[PDB]
$ cat start_4.txt   # compact mmCIF, C-alpha atoms and all ligand atoms
# COMPACT_ATOMS: atom_id res chain seq x y z
CA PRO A 1 -8.07 42.99 -89.17
CA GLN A 2 -10.04 45.94 -87.85
CA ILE A 3 -13.37 46.58 -89.53
CA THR A 4 -14.92 50.06 -89.46
CA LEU A 5 -18.63 50.72 -88.88
CA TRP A 6 -18.79 53.86 -91.03
CA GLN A 7 -20.16 51.47 -93.62
CA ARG A 8 -21.81 48.08 -93.24
CA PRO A 9 -19.08 45.65 -92.14
CA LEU A 10 -19.08 43.63 -95.32
CA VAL A 11 -16.22 41.20 -95.87
CA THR A 12 -15.44 38.48 -98.36
CA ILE A 13 -16.19 34.96 -97.38
CA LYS A 14 -15.60 31.61 -99.01
CA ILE A 15 -17.94 28.63 -98.76
CA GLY A 16 -17.33 25.48 -100.72
CA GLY A 17 -15.20 27.08 -103.45
CA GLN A 18 -17.61 30.01 -103.74
CA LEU A 19 -16.66 33.60 -102.76
CA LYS A 20 -19.30 35.97 -101.47
CA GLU A 21 -19.95 39.14 -99.53
CA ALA A 22 -21.22 38.82 -95.96
CA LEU A 23 -22.10 41.07 -93.04
CA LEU A 24 -20.29 40.59 -89.73
CA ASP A 25 -23.27 40.94 -87.45
CA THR A 26 -22.94 41.04 -83.65
CA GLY A 27 -26.72 41.32 -83.24
CA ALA A 28 -27.27 37.93 -84.87
CA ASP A 29 -27.14 34.79 -82.76
CA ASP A 30 -26.98 32.71 -85.89
CA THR A 31 -25.39 32.84 -89.32
CA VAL A 32 -27.87 33.34 -92.13
CA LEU A 33 -26.96 32.67 -95.75
CA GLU A 34 -28.73 33.58 -98.99
CA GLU A 35 -30.50 30.79 -100.88
CA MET A 36 -27.90 28.25 -102.00
CA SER A 37 -27.48 24.53 -102.26
CA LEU A 38 -25.68 22.60 -99.53
CA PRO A 39 -25.50 18.81 -99.21
CA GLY A 40 -26.93 16.67 -96.43
CA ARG A 41 -30.14 16.94 -94.46
CA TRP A 42 -31.49 20.02 -92.70
CA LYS A 43 -33.96 21.04 -90.03
CA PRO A 44 -36.83 23.46 -90.57
CA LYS A 45 -36.58 26.69 -88.64
CA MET A 46 -38.17 30.10 -88.28
CA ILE A 47 -36.09 33.21 -87.53
CA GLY A 48 -37.39 36.69 -86.92
CA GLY A 49 -36.77 40.33 -86.26
CA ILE A 50 -38.21 43.75 -86.86
CA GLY A 51 -40.90 42.98 -89.37
CA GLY A 52 -41.43 39.34 -88.60
CA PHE A 53 -40.11 35.93 -89.51
CA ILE A 54 -38.67 33.99 -92.43
CA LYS A 55 -38.50 30.24 -92.95
CA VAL A 56 -34.96 28.90 -93.20
CA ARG A 57 -33.17 25.57 -93.52
CA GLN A 58 -30.72 24.75 -90.77
CA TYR A 59 -27.55 22.98 -91.86
CA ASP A 60 -24.92 21.87 -89.36
CA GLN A 61 -21.16 21.59 -89.57
CA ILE A 62 -20.75 23.96 -92.51
CA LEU A 63 -17.34 25.47 -93.27
CA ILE A 64 -17.17 29.21 -93.91
CA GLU A 65 -13.79 30.84 -94.50
CA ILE A 66 -13.65 34.41 -93.31
CA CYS A 67 -10.60 36.46 -94.23
CA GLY A 68 -8.53 33.32 -94.04
CA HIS A 69 -10.06 32.00 -90.79
CA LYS A 70 -11.98 28.70 -91.00
CA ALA A 71 -15.20 28.62 -89.03
CA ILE A 72 -17.35 25.50 -88.86
CA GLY A 73 -20.85 25.46 -87.50
CA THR A 74 -24.56 25.86 -88.07
CA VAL A 75 -25.85 27.95 -90.92
CA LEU A 76 -29.39 28.98 -91.78
CA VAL A 77 -30.24 29.19 -95.49
CA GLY A 78 -33.15 31.26 -96.74
CA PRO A 79 -34.47 34.36 -98.47
CA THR A 80 -32.18 37.01 -96.98
CA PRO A 81 -30.82 39.76 -99.26
CA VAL A 82 -27.46 39.60 -97.47
CA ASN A 83 -25.22 36.88 -96.05
CA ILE A 84 -25.00 37.41 -92.30
CA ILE A 85 -22.17 36.08 -90.14
CA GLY A 86 -23.57 35.79 -86.61
CA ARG A 87 -21.92 35.24 -83.23
CA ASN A 88 -21.87 31.45 -83.62
CA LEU A 89 -19.09 31.88 -86.17
CA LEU A 90 -17.71 35.29 -85.12
CA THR A 91 -16.56 33.75 -81.84
CA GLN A 92 -14.66 31.03 -83.68
CA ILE A 93 -12.58 33.52 -85.64
CA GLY A 94 -11.81 35.51 -82.52
CA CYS A 95 -13.95 38.48 -83.43
CA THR A 96 -14.45 41.11 -80.77
CA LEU A 97 -16.23 44.44 -80.38
CA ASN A 98 -13.90 47.20 -79.18
CA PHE A 99 -14.39 50.85 -78.15
CA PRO B 1 -13.86 48.06 -73.45
CA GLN B 2 -13.31 44.82 -75.30
CA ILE B 3 -16.42 42.71 -75.76
CA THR B 4 -16.37 39.06 -76.82
CA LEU B 5 -19.32 37.42 -78.47
CA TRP B 6 -19.93 34.10 -76.72
CA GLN B 7 -23.03 35.77 -75.33
CA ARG B 8 -25.22 38.56 -76.72
CA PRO B 9 -23.41 41.90 -76.33
CA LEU B 10 -26.14 43.47 -74.22
CA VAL B 11 -25.03 46.59 -72.36
CA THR B 12 -26.67 49.08 -70.02
CA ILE B 13 -27.68 52.30 -71.73
CA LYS B 14 -28.95 55.51 -70.19
CA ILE B 15 -31.50 57.32 -72.32
CA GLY B 16 -33.99 60.00 -71.35
CA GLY B 17 -33.14 59.57 -67.71
CA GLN B 18 -33.83 55.84 -67.97
CA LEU B 19 -31.58 52.79 -67.67
CA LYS B 20 -32.13 50.14 -70.31
CA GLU B 21 -30.47 47.04 -71.69
CA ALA B 22 -29.61 47.19 -75.37
CA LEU B 23 -27.86 44.99 -77.91
CA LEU B 24 -24.80 46.26 -79.72
CA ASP B 25 -25.72 45.35 -83.32
CA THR B 26 -23.08 45.90 -86.04
CA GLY B 27 -25.64 44.49 -88.49
CA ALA B 28 -28.08 47.35 -87.82
CA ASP B 29 -27.82 50.59 -89.76
CA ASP B 30 -29.93 52.36 -87.17
CA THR B 31 -30.71 52.41 -83.47
CA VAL B 32 -34.21 51.12 -82.65
CA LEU B 33 -35.69 51.08 -79.19
CA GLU B 34 -38.88 49.65 -77.68
CA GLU B 35 -41.84 51.93 -77.10
CA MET B 36 -40.95 54.80 -74.77
CA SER B 37 -41.59 58.52 -74.60
CA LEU B 38 -38.75 60.89 -75.43
CA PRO B 39 -38.62 64.66 -75.38
CA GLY B 40 -38.92 66.74 -78.49
CA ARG B 41 -40.10 66.52 -82.05
CA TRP B 42 -40.45 63.20 -83.87
CA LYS B 43 -41.55 62.21 -87.35
CA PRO B 44 -43.09 59.00 -88.62
CA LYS B 45 -40.60 56.88 -90.51
CA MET B 46 -40.74 53.54 -92.33
CA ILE B 47 -37.89 51.10 -91.80
CA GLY B 48 -36.98 48.02 -93.75
CA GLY B 49 -37.45 44.83 -91.86
CA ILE B 50 -38.24 41.18 -92.34
CA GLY B 51 -40.84 40.72 -95.05
CA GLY B 52 -41.62 44.40 -95.19
CA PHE B 53 -41.38 47.91 -93.81
CA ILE B 54 -42.38 48.91 -90.28
CA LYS B 55 -43.62 52.21 -88.85
CA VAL B 56 -41.37 53.77 -86.27
CA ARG B 57 -41.11 57.18 -84.63
CA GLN B 58 -37.89 59.06 -85.42
CA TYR B 59 -36.36 61.30 -82.75
CA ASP B 60 -33.27 63.26 -83.76
CA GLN B 61 -30.34 64.50 -81.70
CA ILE B 62 -31.09 62.41 -78.65
CA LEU B 63 -28.46 61.91 -75.98
CA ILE B 64 -27.69 58.34 -75.04
CA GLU B 65 -24.86 57.04 -72.86
CA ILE B 66 -23.54 53.62 -73.76
CA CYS B 67 -21.05 51.91 -71.49
CA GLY B 68 -20.29 55.40 -70.21
CA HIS B 69 -19.78 56.79 -73.73
CA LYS B 70 -21.90 59.74 -74.88
CA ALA B 71 -23.68 59.71 -78.20
CA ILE B 72 -26.10 62.23 -79.62
CA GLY B 73 -28.10 61.16 -82.64
CA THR B 74 -31.22 59.65 -84.16
CA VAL B 75 -33.20 57.11 -82.22
CA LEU B 76 -36.11 55.19 -83.75
CA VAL B 77 -38.82 53.94 -81.41
CA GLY B 78 -41.13 51.09 -82.46
CA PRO B 79 -41.80 47.36 -82.39
CA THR B 80 -38.40 45.67 -82.13
CA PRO B 81 -37.66 42.30 -80.51
CA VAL B 82 -34.90 43.97 -78.52
CA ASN B 83 -33.35 47.39 -77.98
CA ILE B 84 -30.60 47.61 -80.57
CA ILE B 85 -27.76 50.09 -80.90
CA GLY B 86 -26.91 50.40 -84.59
CA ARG B 87 -23.93 51.81 -86.47
CA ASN B 88 -25.26 55.37 -86.36
CA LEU B 89 -24.42 55.46 -82.64
CA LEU B 90 -21.75 52.73 -82.52
CA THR B 91 -19.58 54.89 -84.74
CA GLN B 92 -19.97 57.77 -82.29
CA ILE B 93 -18.64 55.78 -79.33
CA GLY B 94 -15.67 54.53 -81.35
CA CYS B 95 -16.75 50.95 -81.92
CA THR B 96 -14.91 48.64 -84.34
CA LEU B 97 -14.81 44.91 -84.99
CA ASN B 98 -11.47 43.14 -84.63
CA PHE B 99 -10.08 39.67 -85.33
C1 LIG A 101 -33.72 42.21 -90.64
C2 LIG A 101 -33.79 42.96 -89.30
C3 LIG A 101 -35.23 43.45 -89.08
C4 LIG A 101 -33.35 42.03 -88.17
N1 LIG A 101 -32.80 42.75 -87.04
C5 LIG A 101 -31.46 43.30 -87.01
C6 LIG A 101 -30.50 42.42 -87.82
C7 LIG A 101 -29.08 43.02 -87.70
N2 LIG A 101 -28.37 42.26 -86.67
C8 LIG A 101 -29.28 41.25 -86.08
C9 LIG A 101 -30.38 41.04 -87.13
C10 LIG A 101 -29.88 40.02 -88.17
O1 LIG A 101 -30.01 38.67 -87.75
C11 LIG A 101 -31.31 38.31 -87.32
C12 LIG A 101 -32.20 37.82 -88.45
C13 LIG A 101 -33.42 37.21 -88.13
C14 LIG A 101 -34.26 36.75 -89.15
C15 LIG A 101 -33.91 36.90 -90.49
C16 LIG A 101 -32.67 37.47 -90.82
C17 LIG A 101 -31.84 37.93 -89.80
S1 LIG A 101 -33.64 42.94 -85.79
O2 LIG A 101 -33.43 44.28 -85.29
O3 LIG A 101 -34.98 42.47 -86.04
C18 LIG A 101 -32.80 41.84 -84.68
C19 LIG A 101 -31.79 42.37 -83.86
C20 LIG A 101 -31.11 41.52 -82.99
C21 LIG A 101 -31.48 40.17 -82.92
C22 LIG A 101 -32.48 39.65 -83.74
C23 LIG A 101 -33.14 40.49 -84.64

$ encode --input "start_4.txt" --output "structure tokens"
Amino acid sequence: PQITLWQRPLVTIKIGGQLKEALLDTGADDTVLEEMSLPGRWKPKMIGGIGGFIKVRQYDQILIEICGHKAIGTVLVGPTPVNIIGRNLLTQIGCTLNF
Amino acid sequence: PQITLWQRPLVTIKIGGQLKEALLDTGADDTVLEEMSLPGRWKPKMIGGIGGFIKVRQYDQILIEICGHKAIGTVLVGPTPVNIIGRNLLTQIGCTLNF
């Protein structure tokens, strides 16, 4: 599809068998998810921006379905108010910027 | 143009007679640039960031040329990890996400 920027580019995603809202974010290197449980081990990480840094847990090889497209890769889980789909998964689903 | 996301979508911008590199950030509501002087009136503004709000300077109706596309709008100047072009100006140059 083609997603407008008049509003935040929020789309529905599915992870596990859970459906959520997430932001398609070209400014984010990584995908950041709101606090949730995932199985397996993780690595500690710190990620920052305007304002500073939050502590997150890095899981690898996580499936996120985005508008029917299955992306598999690293996700960072922590105290974000919004699920953020970053370039590591946007590339997989063939997402481009166009103007 | 069409911009893929395997790398950061950093582009050259011309603002206030100066050439800069900035990140095209669909996740950003607003455009935020590193410390620089710009002509005209500005007001202090607080913006929501990681773990809290940050003080920026707000300059309205500023011309900026992105990839050869002209935008005229609000630019915030303050402590950002990188120059980011947010939806306020991305909408003006016709930017959408596609997959
Ligand atoms: C929450 C906000 C202050 C973070 N920044 C913008 C958001 C919007 N797209 C990238 C970043 C989200 O993903 C980054 C992120 C980092 C830590 C916690 C959540 C999200 S930013 O301007 O600081 C920034 C822009 C570009 C790259 C990195 C940061």

$ calpha_fit_and_write --input "start_4.txt" --fixed "chain A" --moving "chain B" --output "tab-separated table (two decimals) with C-alpha atoms, in the coordinates of the input"
chain	number	residue	atom	x	y	z
B	1	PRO	CA	-7.62	42.29	-88.70
B	2	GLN	CA	-9.04	45.51	-87.35
B	3	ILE	CA	-12.21	46.69	-89.05
B	4	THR	CA	-13.64	50.19	-88.69
B	5	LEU	CA	-17.28	50.92	-89.27
B	6	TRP	CA	-17.50	53.99	-91.50
B	7	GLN	CA	-18.69	51.58	-94.16
B	8	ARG	CA	-20.55	48.26	-93.90
B	9	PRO	CA	-18.14	45.55	-92.71
B	10	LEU	CA	-18.64	43.35	-95.75
B	11	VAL	CA	-15.96	40.70	-96.18
B	12	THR	CA	-15.27	37.91	-98.66
B	13	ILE	CA	-16.31	34.50	-97.40
B	14	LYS	CA	-15.64	31.10	-98.91
B	15	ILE	CA	-18.44	28.62	-98.40
B	16	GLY	CA	-19.17	25.38	-100.23
B	17	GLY	CA	-16.47	26.12	-102.74
B	18	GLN	CA	-18.03	29.51	-103.45
B	19	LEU	CA	-16.82	33.06	-102.84
B	20	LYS	CA	-19.42	35.40	-101.40
B	21	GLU	CA	-19.67	38.80	-99.77
B	22	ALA	CA	-21.14	38.80	-96.28
B	23	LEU	CA	-21.79	41.33	-93.54
B	24	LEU	CA	-20.19	40.90	-90.15
B	25	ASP	CA	-23.24	41.44	-87.89
B	26	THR	CA	-22.67	41.56	-84.11
B	27	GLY	CA	-26.42	42.16	-83.79
B	28	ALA	CA	-27.25	38.76	-85.33
B	29	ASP	CA	-27.43	35.67	-83.15
B	30	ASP	CA	-27.13	33.46	-86.20
B	31	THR	CA	-25.54	33.29	-89.63
B	32	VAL	CA	-28.07	33.60	-92.48
B	33	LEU	CA	-27.19	33.32	-96.13
B	34	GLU	CA	-29.10	33.86	-99.37
B	35	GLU	CA	-30.52	30.88	-101.21
B	36	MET	CA	-27.79	28.41	-102.18
B	37	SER	CA	-27.31	24.67	-102.16
B	38	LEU	CA	-25.05	23.14	-99.53
B	39	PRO	CA	-24.04	19.55	-98.96
B	40	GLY	CA	-25.62	17.39	-96.33
B	41	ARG	CA	-28.68	17.19	-94.16
B	42	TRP	CA	-30.80	20.25	-93.36
B	43	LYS	CA	-33.93	20.82	-91.31
B	44	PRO	CA	-36.62	23.46	-91.62
B	45	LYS	CA	-36.30	26.13	-88.97
B	46	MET	CA	-38.26	29.26	-88.05
B	47	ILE	CA	-36.31	32.39	-87.20
B	48	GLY	CA	-37.47	35.56	-85.53
B	49	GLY	CA	-37.47	38.55	-87.78
B	50	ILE	CA	-39.21	41.83	-88.36
B	51	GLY	CA	-42.93	41.50	-87.72
B	52	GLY	CA	-42.75	37.75	-87.54
B	53	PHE	CA	-40.94	34.47	-88.02
B	54	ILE	CA	-39.40	33.32	-91.30
B	55	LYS	CA	-38.75	29.84	-92.70
B	56	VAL	CA	-35.12	29.01	-93.28
B	57	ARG	CA	-33.16	25.84	-93.97
B	58	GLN	CA	-30.70	24.89	-91.22
B	59	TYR	CA	-27.42	23.22	-92.19
B	60	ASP	CA	-25.16	22.14	-89.33
B	61	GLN	CA	-21.39	21.80	-89.14
B	62	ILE	CA	-20.67	23.68	-92.33
B	63	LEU	CA	-17.17	24.94	-93.05
B	64	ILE	CA	-16.86	28.60	-93.88
B	65	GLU	CA	-13.69	30.68	-94.20
B	66	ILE	CA	-13.99	34.30	-93.20
B	67	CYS	CA	-11.13	36.68	-93.85
B	68	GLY	CA	-8.97	33.56	-93.96
B	69	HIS	CA	-10.33	32.28	-90.63
B	70	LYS	CA	-11.96	28.83	-90.49
B	71	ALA	CA	-15.30	28.30	-88.83
B	72	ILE	CA	-17.42	25.18	-88.72
B	73	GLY	CA	-20.99	25.60	-87.57
B	74	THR	CA	-24.65	26.16	-88.34
B	75	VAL	CA	-25.64	28.12	-91.40
B	76	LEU	CA	-29.24	29.14	-92.10
B	77	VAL	CA	-30.25	29.66	-95.72
B	78	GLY	CA	-33.32	31.75	-96.60
B	79	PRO	CA	-34.67	35.16	-97.56
B	80	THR	CA	-32.28	37.71	-96.07
B	81	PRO	CA	-31.54	41.20	-97.43
B	82	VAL	CA	-27.84	40.39	-97.22
B	83	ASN	CA	-25.52	37.53	-96.29
B	84	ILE	CA	-24.87	38.00	-92.59
B	85	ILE	CA	-22.29	36.38	-90.35
B	86	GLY	CA	-23.73	36.22	-86.84
B	87	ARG	CA	-22.20	35.63	-83.41
B	88	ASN	CA	-22.34	31.85	-83.76
B	89	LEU	CA	-19.47	32.08	-86.27
B	90	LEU	CA	-17.97	35.43	-85.23
B	91	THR	CA	-17.10	33.89	-81.89
B	92	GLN	CA	-15.29	31.08	-83.68
B	93	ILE	CA	-12.98	33.42	-85.59
B	94	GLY	CA	-12.16	35.38	-82.44
B	95	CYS	CA	-14.17	38.52	-83.10
B	96	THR	CA	-14.71	41.18	-80.42
B	97	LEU	CA	-15.88	44.78	-80.37
B	98	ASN	CA	-13.50	47.40	-79.00
B	99	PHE	CA	-13.65	51.10	-78.12

$ residues_around --input "start_4.txt" --residues "residue B:68" --least-positions-apart "4" --cutoff "10 Å" --atoms "all atoms listed in the file" --output "PyMOL selection string"
chain B and resi 12-14+64+93

$ interface_residues --input "start_4.txt" --of "chain B" --to "chain A" --cutoff "10 Å" --atoms "all atoms listed in the file" --output "number ranges by chain"
B: 1-10, 23-29, 32, 47-55, 67, 69, 78-82, 84-99

$ atom_distance --input "start_4.txt" --atom1 "atom CA of residue B:21" --atom2 "atom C15 of ligand LIG 101 (chain A)"
21.6 Å

$ axis_aligned_box --input "start_4.txt" --around "stretch 33-51 of chain A" --padding-each-side "3 Å" --output "lines of an AutoDock Vina configuration file"
center_x = -33.2
center_y = 30.2
center_z = -94.3
size_x = 21.4
size_y = 33.1
size_z = 22.0

$ closest_residue --input "start_4.txt" --among "B:75, B:22, B:38, B:62" --to "ligand LIG 101 (chain A)" --atoms "only C-alpha atoms and all ligand atoms"
B:22

$ atom_distance --input "start_4.txt" --atom1 "atom CA of residue B:41" --atom2 "atom CA of residue B:71"
18.2 Å

$ atom_distance --input "start_4.txt" --atom1 "atom CA of residue B:45" --atom2 "atom CA of residue B:18"
23.6 Å

$ closest_residue --input "start_4.txt" --among "A:72, A:60, A:31, A:66" --to "ligand LIG 101 (chain A)" --atoms "all atoms listed in the file"
A:31

$ decode --input "start_4.txt" --residues "stretch 28-58 of chain A" --atoms "N, CA and C atoms" --output "compact mmCIF listing (two decimals), in the first residue's frame"
# COMPACT_ATOMS: atom_id res chain seq x y z
N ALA A 28 14.28 5.29 12.31
CA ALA A 28 14.73 4.32 13.30
C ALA A 28 15.52 3.21 12.63
N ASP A 29 16.75 3.02 13.10
CA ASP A 29 17.57 1.92 12.62
C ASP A 29 16.95 0.57 12.98
N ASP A 30 16.45 0.56 14.21
CA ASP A 30 15.93 -0.64 14.83
C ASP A 30 14.44 -0.57 15.10
N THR A 31 13.85 -1.74 15.25
CA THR A 31 12.46 -1.89 15.64
C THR A 31 12.33 -1.95 17.15
N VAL A 32 11.46 -1.10 17.67
CA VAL A 32 11.29 -1.01 19.12
C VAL A 32 9.87 -1.34 19.51
N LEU A 33 9.67 -2.37 20.33
CA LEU A 33 8.32 -2.73 20.73
C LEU A 33 8.01 -2.39 22.19
N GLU A 34 6.76 -2.05 22.47
CA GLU A 34 6.31 -1.87 23.84
C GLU A 34 6.51 -3.13 24.68
N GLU A 35 6.63 -2.93 25.99
CA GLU A 35 6.84 -4.01 26.95
C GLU A 35 5.89 -5.17 26.68
N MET A 36 6.48 -6.33 26.42
CA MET A 36 5.75 -7.57 26.16
C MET A 36 6.67 -8.73 26.47
N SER A 37 6.04 -9.90 26.58
CA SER A 37 6.86 -11.09 26.81
C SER A 37 7.16 -11.78 25.49
N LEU A 38 8.42 -12.14 25.31
CA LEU A 38 8.88 -12.98 24.21
C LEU A 38 9.74 -14.08 24.81
N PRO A 39 9.82 -15.22 24.14
CA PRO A 39 10.58 -16.35 24.70
C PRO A 39 12.04 -16.26 24.30
N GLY A 40 12.88 -17.09 24.91
CA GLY A 40 14.29 -17.08 24.60
C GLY A 40 15.09 -16.05 25.38
N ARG A 41 16.40 -16.03 25.13
CA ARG A 41 17.27 -15.10 25.84
C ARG A 41 17.38 -13.79 25.06
N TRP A 42 17.90 -12.77 25.73
CA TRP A 42 18.04 -11.45 25.15
C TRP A 42 19.39 -10.85 25.48
N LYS A 43 19.69 -9.71 24.86
CA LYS A 43 20.89 -8.97 25.23
C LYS A 43 20.46 -7.57 25.68
N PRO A 44 21.13 -7.10 26.71
CA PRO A 44 20.88 -5.75 27.24
C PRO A 44 21.30 -4.69 26.24
N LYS A 45 20.51 -3.62 26.11
CA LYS A 45 20.93 -2.59 25.18
C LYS A 45 20.42 -1.23 25.63
N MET A 46 21.10 -0.18 25.17
CA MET A 46 20.60 1.16 25.44
C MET A 46 20.36 1.87 24.11
N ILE A 47 19.20 2.49 23.94
CA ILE A 47 18.89 3.22 22.72
C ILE A 47 18.37 4.61 23.09
N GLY A 48 18.81 5.58 22.30
CA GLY A 48 18.58 6.97 22.59
C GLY A 48 18.09 7.82 21.43
N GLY A 49 17.70 9.02 21.81
CA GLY A 49 17.31 10.08 20.93
C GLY A 49 17.22 11.38 21.72
N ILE A 50 16.54 12.31 21.08
CA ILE A 50 16.15 13.59 21.65
C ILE A 50 15.64 13.29 23.05
N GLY A 51 16.32 13.79 24.07
CA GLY A 51 15.83 13.49 25.40
C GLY A 51 16.78 12.58 26.15
N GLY A 52 17.33 11.59 25.43
CA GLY A 52 18.17 10.64 26.14
C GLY A 52 17.88 9.20 25.75
N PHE A 53 18.13 8.29 26.69
CA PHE A 53 18.21 6.88 26.41
C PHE A 53 17.24 6.07 27.26
N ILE A 54 16.77 4.96 26.70
CA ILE A 54 16.04 3.96 27.47
C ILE A 54 16.77 2.62 27.37
N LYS A 55 16.61 1.83 28.41
CA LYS A 55 17.09 0.45 28.47
C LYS A 55 16.11 -0.47 27.77
N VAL A 56 16.59 -1.30 26.85
CA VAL A 56 15.72 -2.25 26.19
C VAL A 56 16.31 -3.65 26.12
N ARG A 57 15.45 -4.63 25.82
CA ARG A 57 15.96 -6.00 25.72
C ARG A 57 15.94 -6.41 24.26
N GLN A 58 17.09 -6.85 23.77
CA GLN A 58 17.23 -7.17 22.36
C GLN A 58 16.93 -8.64 22.12
